[PDB]
């Protein structure tokens, strides 16, 4: 039974370095060219590096995205593949997979490398003024934009939890910045507007920040 188990992944500040190891078993590791492949969160696959088997002398090959800052190596006596990652960039953040052979016939479960300042950041909260354009008759959608916070999670309630009907709080996007943003929207009666007060209550416990943002019509 061919196994590949990746290790060494973790959090790391931009410009930093890290070493990954993939431990192989269930085959003559020495006989195989080996690969490193990566996958950024919510994105496709990108080939990173490969290294020949023992008989071809273990020559090494790299994507142009990692030339000169990653080094691939191997210890055939330990049946371990290695990837030294130096001078790490934010765009290197991905799950790193070990894959066997030119055939890429077996893949490990991978390991997460996250390249980020792990800087606690509270959100900015902006009101999303009601619009009736997209909603059913007699109703309007209004919301809150919860921008640029780290780490997860935030919670959002409406009118201190009293308003639950028609609430849709969306999953967060992880931005290229390394920060999260999300939105919460509520559909309410159009007749209620400027009679009824709407406030989104945002809690970001990791930064000890709470915001009650009043959302009024334009």
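Numbering follows the first chain given and starts at 1.
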{"item": "Mean temperature factor over C-alpha atoms, higher-scoring stretch between 167-175 and 53-61", "value": "53-61"}
{"item": "Selected stretch [higher average CA B-factor]: 98-106 or 79-87", "value": "79-87"}
{"item": "Of the residues 162, 34, 37, 66, the one carrying the largest Cα B-factor as recorded", "value": "66"}
{"item": "Highest-ranked of 70, 27, 149, 47 once sorted by CA temperature factor in the record", "value": "70"}
{"item": "Third assignment of residue 137 from its chain's C-alpha B-factors", "value": "middle"}
{"item": "Cα B factor band for residue 13 (lowest, middle or highest third within the chain)", "value": "highest"}
{"item": "B-factor third for the C-alpha atom of residue 196 within its chain", "value": "middle"}
